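Asker: Below are the structure tokens for one structure; questions will follow.
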Amino acid sequence: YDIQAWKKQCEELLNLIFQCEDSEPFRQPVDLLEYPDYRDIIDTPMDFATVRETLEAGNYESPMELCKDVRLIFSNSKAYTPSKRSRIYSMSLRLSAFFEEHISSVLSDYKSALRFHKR
Ligand SMILES: COc1ccc2nc(NC(=O)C3CC3)sc2c1
Numbered sequence: 001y002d003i004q005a006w007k008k009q010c011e012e013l014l015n016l017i018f019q020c021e022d023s024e025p026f027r028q029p030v031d032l033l034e035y036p037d038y039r040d041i042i043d044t045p046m047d048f049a050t051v052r053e054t055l056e057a058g059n060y061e062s063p064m065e066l067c068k069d070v071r072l073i074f075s076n077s078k079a080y081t082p083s084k085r086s087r088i089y090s091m092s093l094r095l096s097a098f099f100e101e102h103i104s105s106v107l108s109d110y111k112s113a114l115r116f117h118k119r
């Protein structure tokens, strides 16, 4: 029932994501010189370095907020892809499956700890 445990769990999951070759396109903000129309489609850019920096600055209050930003990385990829068969989008789908598989226990444990705190 540790209310704070999610933070280090998220740090470790981000470390695993950075070791995945599938995270390459998502490690830093999308390069606007490479994709000049990116901001005409995507209103809120997001990337894993921004997520890691937000976490390390103490600017996430819960793992749900971190999960919302990670999911935005994947929805941006889906919105920007010209095809569902594109390389970068295909990498985003595998990385999303990996992330969802690992974040589920983090969210469950945190929500359970909060419920215990308010019992
Ligand atoms: C910024 O995130 C994405 C997501 C999907 C994505 N699909 C792409 N496709 C191409 O470049 C084709 C050779 C023409 S570039 C790209 C970039």
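Anchor point for the sequence shown: position 62 equals 62 in the numbering used here, and the numbering is continuous, going up by one each time.
C-beta atoms are modelled at their ideal positions from N, C-alpha and C, and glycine is treated no differently.
Are the beta-carbon atoms of residue 15 and residue 46 separated by less than 8 Å?
Answerer: Residue numbering aside, residue 15 sits at position 15 when the sequence shown is read from its first letter. Residue numbering aside, residue 46 sits at position 46 when the sequence shown is read from its first letter. No.
Asker: Would you kindly work out how many angstroms separate the C-alpha atoms of residue 27 and residue 49, rounded to a whole number?
Answerer: Position 27 of the sequence shown, counted from the first residue, corresponds to residue 27. Position 49 of the sequence shown, counted from the first residue, corresponds to residue 49. Taking the straight line joining both Cα atoms gives about 6 Å.
Asker: Counting Cβ pairs closer than 8 Å, one from the region 29-40 and one from the region 57-67, do we hit at least three?
Answerer: Too few Cβ pairs lie closer than 8 Å, so no.
Asker: Sorted by chain position, which residues of the same chain lie with C-beta nearer than 8 Å to residue 51's C-beta, five sequence neighbours on each side aside?
Answerer: By one-based count along the sequence shown, residue 51 stands at place 51. 14, 66, 69, 70 and 73.
Asker: At which residues does the alpha helix (DSSP H) containing residue 134 begin and terminate?
Answerer: Look at the range of the chain in this structure, 1 to 119, and you will see that residue 134 is not part of it.
Asker: Compute the Euclidean distance between the alpha carbons of residue 87 and residue 34, then round it to the nearest angstrom.
Answerer: Reading the sequence shown from its first residue, position 87 is the one you call residue 87. Reading the sequence shown from its first residue, position 34 is the one you call residue 34. The straight-line gap from Cα to Cα measures roughly 15 Å.
Asker: Between the C-alpha atoms of residue 81 and residue 107, what's the straight-line distance to the nearest angstrom?
Answerer: Along the sequence shown, one-based indexing puts residue 81 at 81. Along the sequence shown, one-based indexing puts residue 107 at 107. The straight-line gap from Cα to Cα measures roughly 29 Å.
Asker: Which of helix, strand or coil does DSSP assign to residue 46?
Answerer: Sequence index remark: in the sequence shown, residue 46 carries index 46 (1-based). Note: residue 46 maps to coil in three-state DSSP.
Asker: Using a 10 Å radius around the Cβ and a threshold of 16 neighbouring Cβ atoms, would you call residue 112 buried or exposed?
Answerer: Taking the first residue of the sequence shown as 1, we reach residue 112 at position 112. Flag for residue 112 reads exposed.
Asker: Mapping DSSP to helix, strand and coil, what is residue 27?
Answerer: Residue mapping note: residue 27 aligns to position 27 of the sequence shown, counting from 1. Three-state result, residue 27: coil.
Asker: Output the boundary residues of the alpha helix (DSSP H) element that contains residue 39.
Answerer: Translated into positions along the sequence shown, residue 39 becomes position 39. 38-41 is the extent of the alpha helix (DSSP H) around residue 39.
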